[PDB]
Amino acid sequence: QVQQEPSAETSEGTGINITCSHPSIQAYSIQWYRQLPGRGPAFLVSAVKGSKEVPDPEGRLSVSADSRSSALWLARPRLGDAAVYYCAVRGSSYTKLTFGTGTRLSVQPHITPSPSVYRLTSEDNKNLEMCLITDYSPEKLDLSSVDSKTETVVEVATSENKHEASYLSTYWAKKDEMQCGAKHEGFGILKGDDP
């Protein structure tokens, strides 16, 4: 009944619009929530008509003239704004709140690539190896030969730049059956060695 796009993506500092469509409901009031990882939905803004400023994340909510749709504009998304954004509408003052399916927002930091690959070992399980790919550009990294890898983005507080961002991918396997590598546009073959 309350429809949202499943996912959205934007680069840091590039604004993005998150839509919400409910043709069968003429909203009495519209609310938006966001669910950050390891947290429950948190209230962002509520409006009955027109456009309303949002304190955090900076932006503006605009309700359609017929109150059958709305849009949440994030004016300056940062990495911390990556979450699942929910719209919730009410057909009347007294009736049920109905939530949308949620839009999963991904925010890509700006990165200077310097892809590197490394092999890691652990003292607790010496017959296991972990492959670490760092400081790469997600659209240029090729991990075609692995399904079991996972990816994240983190920020580290360095000297010159209070918080630099960097991507990390990892995959692990029994030592003997492990081949740590990747291919990355503009860097050729990437392979890991050990101490």
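All residue numbers are counted from 1 along the displayed sequence.
Between 140-148 and 44-52, the higher mean Cα B-factor belongs to 140-148.
When the C-alpha B-factors of 173-181 and 20-28 are averaged, 173-181 comes out higher. Per the PDB record, 162 has a higher Cα B-factor than any other of 68, 34, 60, 162. Highest C-alpha temperature factor among 114, 98, 93, 106, as the PDB entry reports it: 93. Residue-level temperature factors show residue 153 in the middle third of its chain, judged at the C-alpha atom. In this PDB entry, the Cα temperature factor of residue 133 sits in the middle third of its chain's modelled residues.
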